[PDB]
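Below: the structure, in structure tokens.
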Amino acid sequence: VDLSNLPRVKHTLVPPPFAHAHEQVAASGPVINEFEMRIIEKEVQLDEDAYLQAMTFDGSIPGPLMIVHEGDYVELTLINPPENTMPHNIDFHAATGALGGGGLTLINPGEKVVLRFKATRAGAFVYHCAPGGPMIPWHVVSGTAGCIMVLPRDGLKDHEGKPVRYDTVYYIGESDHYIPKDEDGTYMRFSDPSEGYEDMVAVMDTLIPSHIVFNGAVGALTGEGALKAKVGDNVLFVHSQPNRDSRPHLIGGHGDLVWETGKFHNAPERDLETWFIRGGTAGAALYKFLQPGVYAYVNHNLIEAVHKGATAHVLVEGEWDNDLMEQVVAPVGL
Amino acid sequence: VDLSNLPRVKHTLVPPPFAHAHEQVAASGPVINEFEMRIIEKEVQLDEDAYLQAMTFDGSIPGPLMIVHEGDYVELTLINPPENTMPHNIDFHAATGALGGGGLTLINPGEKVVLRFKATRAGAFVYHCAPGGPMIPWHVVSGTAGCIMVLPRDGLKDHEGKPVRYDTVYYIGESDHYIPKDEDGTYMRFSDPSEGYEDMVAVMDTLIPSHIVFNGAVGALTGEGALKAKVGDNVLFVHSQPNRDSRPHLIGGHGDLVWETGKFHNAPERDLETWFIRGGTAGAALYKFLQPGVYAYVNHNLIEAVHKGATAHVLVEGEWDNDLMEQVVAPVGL
Amino acid sequence: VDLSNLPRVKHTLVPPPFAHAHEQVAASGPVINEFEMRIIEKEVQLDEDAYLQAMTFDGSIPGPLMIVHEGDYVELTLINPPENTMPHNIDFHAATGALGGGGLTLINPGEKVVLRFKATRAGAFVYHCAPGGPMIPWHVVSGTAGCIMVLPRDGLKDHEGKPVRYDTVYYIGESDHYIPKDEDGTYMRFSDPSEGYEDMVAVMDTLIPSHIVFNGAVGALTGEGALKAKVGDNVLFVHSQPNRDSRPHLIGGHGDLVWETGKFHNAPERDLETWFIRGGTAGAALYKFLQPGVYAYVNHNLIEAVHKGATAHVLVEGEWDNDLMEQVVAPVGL
Ligand SMILES: [Cu+2]
Ligand SMILES: [Cu+2]
Ligand SMILES: [Cu+2]
Ligand SMILES: [Cu+2]
Ligand SMILES: [Cu+2]
Ligand SMILES: [Cu+2]
């Protein structure tokens, strides 16, 4: 108990897929990380004709990435603004006790709460809202879930215990939504989250999502929201899915070092084509880009990637290596 | 072949989630463990307005937990009472040959059979009914599946080969069920399994369970059936799912050592938030309770946890530790 | 870059579940393995009353297994005959760049393409067609996916790095299909893939397959297509599923060494009852048969195994071992 002598670092969170500033290898001993976030409830557009009455941490789906190191403390201030219409809370799978923080952070619109917990376990972990009861799933599939990554104090290590570093970390937040359709087969729009609850419950109960998206919308990470790398970059892709499985794959690439259950002191596997993110967790994969051009990072049920929304692109620069792959003879008539 | 010289230990099974008396470190060489079970067909109540025409081992869903040590033998007398209507048999995934024992145990109402098999392989394994052909999935989703845990002779070891011990083991048997609905949307009830076979088959073919439950029924392991520990107990959660995947998570806690594919000579992973039970298997996770309070053990597709029934609670005694977690500022007005 | 000095090996692919000739341990240094495949579009029969306007590599579902060794090159001539009706390409999850080769092998009916890539990573790997867009899932669930196994040069090793060898390798390609039904409830048949496109899209969007099959059809690996072994054979089962997860289980056996994410420089697990093939990948499992008789190799959601089609059988000859299992009392009246 105590802590008056640990340093405090106050952070400014940035919207996903980017991450707030940090260091892989901790620059000093345990600190108290201070974070603040508000619940913003608002309608979001998931696709060209599909909308969700969302509930979100800081206005974005997923909520922003938090990064700290193992042995640190996390003190979060959570605000539920007076214009929201429901109570929210927050459960950190990285924390120990009271339902992850969920039993000490229930706040009604108009209130705030400050939770502290010590980040004893290294890994990426989901956090998400869980107000109690029959509503808990409904708040997660309305968008309130993000991730906090607890890095080991000395940074990541590989399956032999040797240090490894990434040049860039992107947080891909995947989320399943259950938008109801009226009779003519078109998506329904509602005036706030409650009005749409009962119709959304009926679709939830079939367990088939109408949309599975990265970063909050079909296309959020393609086009202008494409991810970027260079040949030689070691990139860390952190991938959460708070309520339903996912099987990520980098098309054209591999997972060089993968922790698919997400906890960095376990040995990562090598050379994977596809890995698996259990619903309710965050895993992480490093890949060093060896060829330039366009890559798609997708949930490899391709129906879920292409029809429901779970595809991102990565644009990579650099020179092409024909010894890895060559079009020996371009398409030509038989 | 032979065996007349090994000792014989006759056990009395107990209802899940508890386990019959046993020891973690084999208190001698190989013994033949004698068990006896009946099949009981009966209607059971899954939820406030949902029932299933069940077929069960011993009266319960899941069937009771058997516990033996690697290299023992298992001699089970299975009885099919005259009052059942259908043939039943049992397939032990822990056993080698004749379809897990299903090919040597098919018995009609009024008959018994006695199968012996050597438990050559350590881990938690599913056993379930498998009468033959198209009826295998229907018997399983009507309730006939349980678990046998074959412990290594010298007890469990962590990922460094060091001995770890649990103070308590709980058997969580998870089961998906496909209860059909009539035109008004309410669940149907039948006079026997046959009569609801056709209707059931149609919900089976959609692959969407109506109910996914621990211990045979919505709330079976909450309220009076909540699981209990104290701070400092090391608890072993053995989790089966004989027909569909699950992704267990202890909310407020973690898997300190987890064998999600359930076979103890594999190394276990540490610090998991959520782990993954493949349909058709049992896994097992050890956690040492650090904080007191209520914890929910759930299947973390939270629609399945809370709409379909896959939630258990644990009430744990003891003293709170504010250094792991603290409500620094209780909910207050902005 | 270069290669004019490496030996070139020309292979003759065979229909799954068999494999073309190959040595487990490479008998020479890196070679260029040349393979040729045509796309064949044809209506195939998936079950007594269900058909699929299929698109296939070389006329089988799965496409045929390719075996090479780590550090070899692979140079495939892919051919899209003039009678076909759509463009096709190929994406090898074994390869690095240009979307697995799919950005270099897009060919219209009446064309061929020659793609060479270096098989840098050891493991079994899915390959599949992915022409671009919205169509990608639809070509893969119309059948165009097989597997390449890139064996370490020194063949397979156990969990401690020691040599293990298989006497037989079978390739079990599992594929999910989404055959639409008309109002009377019967499956529809169509004149070519295009015509049945929009109907098939609407079943695909439920994410519920109508059929889940091994080797292209229900019962394809049963009866006359059953797999065969004798007691003491070590049989390697390579299992691919390009678009959806599967949980294979050998009923009456176990996985003795399983790489469920399929990459052989990761250590295998042992004694599994059921393992997990993530959609978008292939895994593999070694088992030494110990008992003679019929075994079922299944996808252990039993609905998927029996209702939907994912059951194959294995007929094993040899002497029965009573010490592993014995019917001590045959069914008798109480
Ligand atoms: Cu909320
Ligand atoms: Cu949670
Ligand atoms: Cu039965
Ligand atoms: Cu089974
Ligand atoms: Cu194609
Ligand atoms: Cu792919």
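Just so it is clear: chains get the letters A, B, ... in the order the sequence lines come, proteins before strands, and each one is counted from 1.
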For the pair C:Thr77 and A:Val328, evaluate side chain to side chain contact (heavy atoms under 4.5 Å, CB included) and give the outcome as yes or no after the intermediate values. CA-CA 10 Å; C:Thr77 302; A:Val328 185; over 6 Å; no
So for C:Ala124, is it side chain, backbone, both, or neither that comes closer than 4.5 Å to the heavy atoms of chain A? backbone
Non-hydrogen atoms of chain A under 4.5 Å away: do they reach the side chain of C:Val1, the backbone, both or neither? both
Interface moiety of A:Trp320 toward chain C, non-hydrogen atoms closer than 4.5 Å: side chain
How far does CG of C:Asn243 sit from CD1 of A:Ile303, to the nearest 0.5 angstrom? 5.0 Å
Below 4.5 Å from any heavy atom of chain C, which atoms of A:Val294 appear? Answer side chain, backbone, both or neither. backbone
Could you tell me which portion of C:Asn108 (side chain, backbone, both or neither) has an atom closer than 4.5 angstrom to a non-hydrogen atom of chain A? neither
Under 3.5 Å, is there a donor-acceptor pair between the side chain of A:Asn301 and the main chain of C:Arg244? no
Distance from C:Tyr73 atom OH to A:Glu326 atom CD, nearest 0.5 Å? 10.5 Å
Please state whether the side chain, the backbone, both or neither of C:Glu75 comes within less than 4.5 Å of a heavy atom of chain A. side chain
Would you mind reporting whether C:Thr120 and A:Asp271 have side-chain heavy atoms less than 4.5 Å apart? no
Atom pair CG/CG of A:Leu272 and C:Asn266 - distance to nearest 0.5 Å: 6.0 Å
Can A:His300 and C:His93 be counted as having a side-chain donor-acceptor contact under 3.5 angstrom? yes
Region of C:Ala130 in contact with chain A, defined by heavy-atom distances below 4.5 Å: neither
Are any side-chain N or O atoms of A:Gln327 and backbone N or O atoms of C:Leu104, one a donor and one an acceptor, separated by less than 3.5 Å? yes
Starting at CZ of A:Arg247, measure out to OG1 of C:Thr281 and round the result to the nearest 0.5 Å. 10.0 Å
For the candidates C:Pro242, C:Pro81, C:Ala119, C:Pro82, which exhibits the highest count of non-hydrogen atom pairs separated by less than 4.5 Å from chain A? C:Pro242
Whether A:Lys308 side chain and C:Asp205 backbone form a donor-acceptor pair below 3.5 Å: yes
Residue among C:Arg278, C:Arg121, C:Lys263 satisfying salt bridge (charged side-chain N to carboxylate O under 4.0 Å, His left out) with A:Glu273: C:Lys263
Check whether C:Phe92 gets within reach of chain A through its side chain, its backbone, both or neither, counting any heavy atom under 4.5 Å. neither
With rounding to the nearest 0.5 angstrom, report the CD1 to CG distance, C:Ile208 to A:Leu207. 9.5 Å
Distance (rounded to the nearest 0.5 Å) between A:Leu334 CG and C:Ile107 CD1: 8.0 Å
